[PDB]
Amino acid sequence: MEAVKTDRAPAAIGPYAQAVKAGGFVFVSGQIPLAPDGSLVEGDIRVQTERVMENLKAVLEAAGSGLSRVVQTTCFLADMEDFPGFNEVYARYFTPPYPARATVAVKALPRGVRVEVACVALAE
């Protein structure tokens, strides 16, 4: 029932928490290409995915979890052309067993960003 908060990932400005730990799991909010200071990170899909993955690590770590405990990820891209570049960065962050995953290209993401990744991991 605990909300996770870390300053190593952009702060939660709205009616949401970066992450929530409940019933053995950690539910992480969709992370976008924002630096810890809330500034948007410009660049192609590789550059933006990197920031999102870094924000995910930060949140997961603050929860007492980590990328190796992630069981499911939901990945939204704003363009079909970014599937390959996103997967490339995404691959650097995980090792077997890999999380279950779903990836789709949506019409648009918060603030016009290229990528948003949400996930569910195991709590300790």
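One rule holds for the numbers: they count along the sequence shown, beginning at 1.
Engineer: Output the stretch having the higher mean C-alpha B factor in the entry; the candidates are 102-110 and 16-24.
Structural biologist: For C-alpha atoms only, the mean B-factor is higher in 16-24.
Engineer: With respect to the recorded C-alpha B factors, which stretch has the higher mean value, 63-71 or 30-38?
Structural biologist: Stretch with the greater average CA B-factor: 30-38.
Engineer: Could you place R92 in the lowest, middle or highest third of its chain by Cα temperature factor, using the values in the record?
Structural biologist: Highest third, going by the recorded CA B-factors of the chain.
Engineer: Split the chain's modelled residues into thirds by Cα B-factor; is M53 in the lowest, middle or highest one?
Structural biologist: CA B-factor rank for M53: middle third.
Engineer: Which third of the chain holds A78 when residues are ordered by C-alpha B factor: lowest, middle or highest?
Structural biologist: Its C-alpha B-factor, which the entry lists for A78, ranks in the middle third among residues of this chain.
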